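Results of the structural survey
One letter stands for each residue in the lines below.
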Protein chains: 2
Amino acid sequence: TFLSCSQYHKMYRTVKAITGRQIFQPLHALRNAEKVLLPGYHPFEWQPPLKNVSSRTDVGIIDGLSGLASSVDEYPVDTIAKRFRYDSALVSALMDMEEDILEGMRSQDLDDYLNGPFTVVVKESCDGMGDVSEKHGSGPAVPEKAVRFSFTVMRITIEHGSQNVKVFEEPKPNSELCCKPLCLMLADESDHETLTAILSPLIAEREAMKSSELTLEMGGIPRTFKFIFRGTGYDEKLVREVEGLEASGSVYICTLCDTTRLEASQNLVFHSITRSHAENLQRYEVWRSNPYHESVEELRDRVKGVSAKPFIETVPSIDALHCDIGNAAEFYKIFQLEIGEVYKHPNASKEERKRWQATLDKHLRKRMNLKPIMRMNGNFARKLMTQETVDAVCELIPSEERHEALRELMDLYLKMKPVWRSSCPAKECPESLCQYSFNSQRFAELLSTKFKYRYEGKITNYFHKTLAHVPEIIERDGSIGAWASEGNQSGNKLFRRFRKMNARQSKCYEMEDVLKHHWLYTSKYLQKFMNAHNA
Amino acid sequence: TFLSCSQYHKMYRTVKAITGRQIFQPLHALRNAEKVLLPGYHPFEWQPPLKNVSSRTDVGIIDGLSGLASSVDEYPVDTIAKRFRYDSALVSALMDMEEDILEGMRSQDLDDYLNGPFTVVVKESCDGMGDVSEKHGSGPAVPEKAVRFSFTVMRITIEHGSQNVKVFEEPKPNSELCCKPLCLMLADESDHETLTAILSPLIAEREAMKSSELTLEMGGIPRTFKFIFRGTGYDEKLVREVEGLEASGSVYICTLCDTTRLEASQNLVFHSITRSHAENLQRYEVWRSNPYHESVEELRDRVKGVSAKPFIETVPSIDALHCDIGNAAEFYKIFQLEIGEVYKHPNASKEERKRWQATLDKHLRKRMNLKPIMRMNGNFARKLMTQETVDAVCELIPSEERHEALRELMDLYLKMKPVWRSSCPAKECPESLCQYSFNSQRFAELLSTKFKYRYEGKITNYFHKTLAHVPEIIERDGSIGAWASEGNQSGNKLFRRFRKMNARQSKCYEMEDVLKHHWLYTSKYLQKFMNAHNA
DNA sequence: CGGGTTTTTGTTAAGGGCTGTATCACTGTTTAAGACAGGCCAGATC
DNA sequence: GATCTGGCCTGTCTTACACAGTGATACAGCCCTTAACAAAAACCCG
DNA sequence: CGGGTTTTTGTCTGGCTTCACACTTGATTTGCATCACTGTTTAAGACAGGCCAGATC
DNA sequence: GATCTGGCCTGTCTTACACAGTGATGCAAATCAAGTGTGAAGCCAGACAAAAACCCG
Ligand SMILES: [Ca+2]
Ligand SMILES: [Ca+2]
Ligand SMILES: [Ca+2]
Ligand SMILES: [Ca+2]
Ligand SMILES: [Zn+2]
Ligand SMILES: [Zn+2]
């Protein structure tokens, strides 16, 4: 309810004095019940012990700088940052859902008194937010950016009998209140030095606990958990940055296969994922070393635009959210270009196209009340992307064979969108999946011919991904929509709301508070209560 | 507690599902319990009727523009503004404090069923809070201002037999939560045409209900109320604006006596109070008409600086908040001067000035943790005006006697501060009240002799009001602290909060929501629920 | 008026468990509008 | 050409222009109990 | 070890009890959806020509 | 002289950067409000007779 302590105390004492009873509990009984829900409360132990990681079990909110050298002699740093220790936070996230683990265990007809090697599958994701500053006073202070690194327990399995059974699977994976916060920093997500300064310890802890087993007493008996991390909720820019690629405008487009934007137009769907992390460390080594004594423009070809040391280990994936938003903006542009009738007379001016845009947006907020937006958002993408939109915009272009072509294009795009928009297209839409190959090869066909005034050279990133990589990503990892960044893209509102209503402005405590409240919010032993009206 | 409706409903359904009972009430129950506490619910009857005011009794929140013609052909107005009708507001206030004034008659050994002509004494306060905007997106561009005209039932008094007994007196007169809001608008306080367009109807209503008697059934038996309005919650700026006086930096300084700054410095404390509202209207008539055919520079002597038509009827009084802030800032200036020994070597340059300022700032921050600031608030003025602060700053002057010449000065200013700052100096500090004349006269001598290097010509306005008019404003009104703008100055907080936490962004509903919620917050039938824990 | 009784009450101090409220460290990071007085140029004028 | 006078420009001044609200910590009451000893009306009993 | 002493149960037929509960039908409350409205661009970075300007044969 | 080439200038094109939350309406479902006599689930009757948990020769 985003109440504060003074307001909760007002309500407490008022209900108490009126009713006579004590319906709400006092504040200290909330601090005590809170100590149980943060990390740093339960006893756990690793085996073998974690290399370079402490052994204590009461480690709460650590300073994020990790003892970063802060004097007037080292590289200047003022980015305040708080975090959890990865292992203790993961333990807390598991004993926050002990009850659901046990319930799923019973549901799968398993002996509730079991302690097998529970294989957890976590999905971690960082996403830098912008302009988290405010106006606490008479002044427009400054642009202030933040970065949240967060994770989520995606799926818990056990190796019972001779197989694996889902003891637990996240209901809505990319939701604002199942993405647990792990690190909060106030820094530009492209300030590579400070970013690595903050995130290096977390990657260290992650690499450490990737190779051991966690003993944790869970409701009586102790259980042994094994972890498998999957960094997937990184948007395209953060993938190209952390993994050590060149910026998005390069010749090398796909962060999953090493193909060049040009040759990605002569051949649209015959690629295969070949951009791992080990290979990219190897390619950076070849770059920095240059053992074949090549020129810059030959060494680039040798190492496929890798000119930086891969920092975090991500996995090849496509970010369904930004994939769909980019496709929608792309279609907005193609609608404008169809209005301009460019397929017959090219090379208009830098204002004829603006007039075409005016035509389009007037017609749209006259035939749909679809208000124009200068920043493409998923809402405008859902509203735009319909067969009704070509149904409308057909009456703005003179020829009708363009109606036919664009109608067919929209048909194929909507016929394939669910396969990467769902959260389990193996069962939710298996016909679309088993026909994706054909329904996208013909989409590429019709992009080759009836739009070659655009797709002769440059074909954008997300179209290449959407067309050529989706089926094998599915055959590799189940779905595409679940493994996305929508979860970490919602919590910006929570960040701002907590920093406004529940904080202490001290610039040192003021971040512990946000981190703590967002942790509590995304808890589950509490959502069990706030969802009590569903019996 | 400032809950939304979604949040309140969430808490409601949670408690209902957990407990199983129903402690909180559904939203519709609260809307029904709200329709009773807003104005435009009870029946009332003016006798004789109110000239130019309707007779309906169910008029609540209405467009503040009062049907101001808004076409392309009229003077363009764009200010959103909501208001209550003044009589409806007073009726709701009275049948809100019904229980309290019944208890008052009980305590005063009167009859519950007594229907004497209750004379009410209401305070009027209008304050133009500024910068009430927030950044919705990107761009700090537009600052927007606001104005809230409000009132406060200050005392209620029945004329039992042949004596007036105080059935009710406000405990905290200038408090956050008894200043009932009446009208509020988004417009500069000095956009004089808009301000008059909005406040002309309200003035019409408060002029209508000055020769009538509200008949209102209160706890069964009907009662006859009869009003006295006093406009006092006005900062110097609006006083001068809506009385038809020259801007505050003129030669005619006091809004109570018509005297020149030079003559104020020659004669420090012997003035009377000789500037009413009818006198202002009559002097404006002299101005506009110019009956004696004389040039501007002696006509302005004839009309003592009245060159505009008076708009509202305010009373001759001094604010207290701005009074002590101004006097404290003037002592701060005297300190910056004494550090530099301006008396020995006058006419320095505009670098030693800032040097003196930074000297005093660093010194005070070192000695008292009194971190300096630019906008001098009330906490700064509170801390700075202490005998300890002069005892500290006294260690920065090479002189031997300026020590005592500041010690005595601060001594007398402190002997004077309670006299006006008190909400009833008669029975809180009558010794200060009977010595105030002597203390102010000695203070005046001290400024005139050991500080003539500053107060030879210019003497600021507040060192005229404070010095020469307090011992008569007291004898005319009682206190000075009660009749002040603090109650309104505080409510500004609430506005901003409401405007972001309880509103509809509709730019038409988004203001009546703020106004309704502020009326509720200011109610009393609810404050004696949120104060149940004490009693 | 008493006067044995009830019938209930007043009191002590240590230590703890609990609860309610006050206190604490801390965060804003220059005004804008108008009045008047010089002072110096700048042009009107003898 | 010399001189008298007004206009413009800065420059000082005087009124305003958003700090109470956040979580955490610290006291200050305040009741429960040991065990006994004494104390206001409540009231028949004499 | 299997046999024996606790807690704990079945157990009496009677009369008792509170209270759910039959069976309408409209006047209320309560739940859960809708609804109209709000924000009013880019900012770094890659690649490509193209023009010009200075170098070189 | 004549041309080549390299540097700077825009000029497009790529990924990215803030919309669910406000108070209001408005129908569907629930309940509930009486009627009046029912039976049903326990209550408890002091005292008596077949089982689980553990002592005991
Ligand atoms: Ca991002
Ligand atoms: Ca994001
Ligand atoms: Ca003001
Ligand atoms: Ca104010
Ligand atoms: Zn690819
Ligand atoms: Zn005066």
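The numbering shown runs from 1 along each chain in the order of its written sequence and may not match that of the entry; residues for which no coordinates exist are omitted. Chain labels run from A onward and ligand labels from 1 onward, assigned in the order the entries are written. Bear in mind the chains here are only a fraction of a larger assembly, and the values reflect that fraction. The side-chain numbers reported here are obtained from all heavy atoms of the structure, hydrogens and water having been left aside. Residues with missing side-chain atoms are left out of burial classes, side-chain pairs and their counts.

Per the deposited record, determination of this structure is attributed to cryo-EM, with the resolution reported as 3.29 Å.

1. Points about the coordination of the calcium ion (ligand 3)
Any two of four tetrahedral donors ideally make an angle of 109.5 degrees at the metal, while pairs among six octahedral donors ideally make 90 or 180 degrees. All names here are of chain B. Threshold: Coordination shells were defined by N, O and S atoms within 2.8 Å of each metal, extended to 3.2 Å for Na, K and Ca; water is absent from the atom set, which can make sites look incomplete. Helix and strand assignments follow DSSP, with helices taken as H or I runs no shorter than four residues and strands as E runs no shorter than two, numbered in order from the N terminus. Categorising residues by exposure relies on relative accessible area from a 1.4 Å probe, with only protein chains included: less than 20% of the type maximum marks a residue as buried, more than 50% marks it as exposed, and the intermediate range marks it as partly exposed.
Taken together, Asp127 (OD) and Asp235 (OD) make up the full set of protein donors to the calcium ion (ligand 3), lying 1.7 to 2.5 Å away. A separation of 4.1 Å is found between the calcium ion (ligand 3) and the calcium ion (ligand 4), which share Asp127 as a coordinating residue. Of this pair, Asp127 sits in strand β4 (residues 117–127) while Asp235 is found in the loop between β9 (222–233) and α6 (236–243), placing the two residues 108 residues apart along the sequence. Each of the two residues, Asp127 as well as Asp235, counts as buried.

2. A word on the coordination of the zinc ion (ligand 5)
All names here are of chain A. Surrounding the zinc ion (ligand 5) are the protein donor atoms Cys254 (SG), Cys257 (SG), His464 (NE2) and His469 (NE2), at 2.0 to 2.2 Å. Mapped onto the sequence, the residues coordinating the zinc ion (ligand 5) show the spacing C-x2-C-x206-H-x4-H. Placement of the pair is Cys257 in the loop between α6 (236–242) and α7 (263–266) and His464 in helix α16 (residues 461–468), with a sequence separation of 207 residues. Given a relative accessible area of 3%, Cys257 falls into the buried group.

3. Structural notes on the packing of helix α10 (residues 320–339) of chain A against helix α14 (residues 401–421) of chain A
All names here are of chain A. This is how the line gets drawn: Here an axis means a line fitted to C-alpha atoms, over the contact stretch when the element is a helix, while the angle between two N-to-C directions is reported on a 0 to 180 degree scale. Angle categories: roughly parallel below 35 degrees, roughly antiparallel above 145, roughly perpendicular from 65 to 115, and oblique for all the rest. Contacts are assigned to residue pairs with any non-hydrogen atoms lying within 4.5 Å of each other. Think of it as three bins: nonpolar holds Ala, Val, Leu, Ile, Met, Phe, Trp, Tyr, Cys and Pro, charged holds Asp, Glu, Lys and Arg, and polar takes everything else, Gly as well.
At a minimum axis separation of 12 Å, α10 and α14 run at an interaxial angle of 175°. Regarding the angle of α10 to α14, the classification is roughly antiparallel. Contacts between α10 and α14 pair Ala320, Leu321, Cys323, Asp324, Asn327, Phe331, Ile334, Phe335 and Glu338 from the former with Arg402, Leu406, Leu409, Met410, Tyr413, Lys417, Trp420 and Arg421 from the latter. Within the contact of α10 with α14, the residues separate by chemical class into eleven nonpolar, one polar and five charged.

4. Section: the interface of chain B and chain A
Selection rule: Using a 1.4 Å probe, buried area is obtained as the accessible area two parts lose upon being combined, added over both of them. Put simply, a salt bridge is a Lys or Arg side-chain nitrogen that is within 4 Å of an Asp or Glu carboxyl oxygen. Two N or O atoms count as a polar contact when they lie within 3.5 Å, although within protein this holds only if one can serve as hydrogen donor and the other as acceptor, and sequence-adjacent residues are included solely when both atoms are side-chain atoms.
Listed per partner, the contact involves 22 residues of chain B and 21 residues of chain A. Of the roughly 2,000 Å² buried where chain B meets chain A, counting both sides, 69% is carbon and sulfur surface. For the pair chain B and chain A, the interface holds zero salt bridges. Summed over the shared surface of chain B and chain A, the number is two residue pairs in polar contact. Sorting the residues of the side of chain B that touches chain A by element identifies α1 (5–19), α18 (486–501) and α20 (527–530) of chain B as the ones contributing at least two each. The dominant element in the side of chain B that touches chain A, judged by the number of residues it contributes, is α1 of chain B, at eight residues.

5. Regarding the relation of the copies chain B and chain A
For clarity, the threshold we go by: Only the C-alpha atoms enter the least-squares fit used to superpose the copies.
Least-squares fitting of chain B to chain A yields an RMSD of 0.5 Å, with the superposition described by an axial translation of 0.0 Å and a rotation of 179°. In the structure described here, the two chain copies are related by an operation that fits a two-fold rotation axis. Residues of chain B ranked by C-alpha distance from the rotation axis are headed by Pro140 of chain B, positioned 2.6 Å from it. A symmetric contact is evident, with 95% of the interface residues of chain B recurring at the interface of chain A.

6. Considerations on the nonpolar core
Applied cut-off: Joining through side-chain atoms within 4.5 Å is the link that ties buried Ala, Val, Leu, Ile, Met, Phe, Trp, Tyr and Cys residues into a set, and such a set is a nonpolar core.
Within the largest apolar cluster, 72 residues are counted, with the highest numbers of intra-cluster contacts made by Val122, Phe151, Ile156, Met185, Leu214, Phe225 and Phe227 of chain B. Beyond its immediate sequence surroundings of up to four residues, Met185 of chain B is in contact with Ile80, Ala81, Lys145, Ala146, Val147, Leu195, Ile198 and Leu199 of chain B. Counting 71 residues, the second-largest nonpolar core is a separate cluster that includes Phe84, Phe118, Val153 and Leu238 of chain A.

7. What to know about a positive patch on the surface
The line we're drawing: Patch construction takes residues with relative accessible area above 30% that form no salt bridge. Like charges are linked within 9 Å, and nonpolar side chains (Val, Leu, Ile, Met, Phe, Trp, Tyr) are linked within 5 Å. Under the convention used here, a 1.4 Å probe and the Shrake-Rupley method define accessible areas, while residue burial counts only the protein chains that appear. Here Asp and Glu are counted as negative and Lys and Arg as positive; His is not counted, and neither are the chain ends. To locate a charge, take NZ of a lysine, CZ of an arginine, CG of an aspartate or CD of a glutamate.
Together, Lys10 and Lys500 of chain A together with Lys493, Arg497 and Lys500 of chain B line one region of the surface with positive charge. The element contributing the most residues to the positive patch is α18 of chain B, with three residues. Among the structural elements, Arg497 of chain B can be located in helix α18. Accessibility expressed as a relative area gives 35% for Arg497 of chain B, which makes it partly exposed.

8. A closer look at the pattern of salt bridges
Residues and elements named next belong to chain B. The tally for this structure, following the rule as stated, stands at 62 salt bridges over all chains. For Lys465, the salt bridge goes to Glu236, with nearest N and O atoms at 2.3 Å. Residue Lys465 is found in helix α16 (residues 462–468), and its partner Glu236 is found in helix α6; the two are separated by 229 residues along the sequence. Among the residues examined, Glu236 registers a relative accessible area of 12% and is labelled buried. Between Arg300 and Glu246 there is a salt bridge whose closest N-O contact spans 3.7 Å. With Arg300 in helix α9 (residues 296–302) and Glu246 in the loop between α6 and α7 (261–266), this residue pair connects regions lying 54 residues apart in the sequence. With relative accessibility at 23%, the residue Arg300 sits in the partly exposed group.

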